[PDB]
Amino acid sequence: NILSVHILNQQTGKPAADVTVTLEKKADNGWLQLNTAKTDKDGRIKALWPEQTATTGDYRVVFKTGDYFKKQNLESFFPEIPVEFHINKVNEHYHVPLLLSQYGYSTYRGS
């Protein structure tokens, strides 16, 4: 499977479990949803890509982090966190982690 994401809560140093994440493909107009899943107990979704071959182009994962903090009775600057990325080789592995705090985050292409 060509896409994995995970969330590490930088305030606890522990994974953010049970966080909804969506995957969309950029279309000519707007976006098209490909999948949705929730991070597991290790804050991971190891296989977020649906059962379909990928094409080169732009994609967007959206980590629903607002809800995750809301459940802890915590406020956050971000209602959710979209990350847009480009696939240029269709059978490569893509890894998009999120390092999360209430009022800041980091994301990168992981190994």
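Start at 1 and count along the sequence shown; that's the residue number.
- In the deposited entry, the Cα temperature factor of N1 places it in the lowest third of its chain's modelled residues.
- Among the modelled residues of the chain, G43 sits in the lowest third by CA temperature factor in this PDB entry.
- Annotation for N9: C-alpha temperature factor in the lowest third relative to the rest of the modelled chain, per the entry.
- When all modelled residues of the chain are sorted by CA temperature factor, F85 is found within the lowest third.
- Ranked within its chain, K64 lands in the middle third, by CA B factor from the PDB record.
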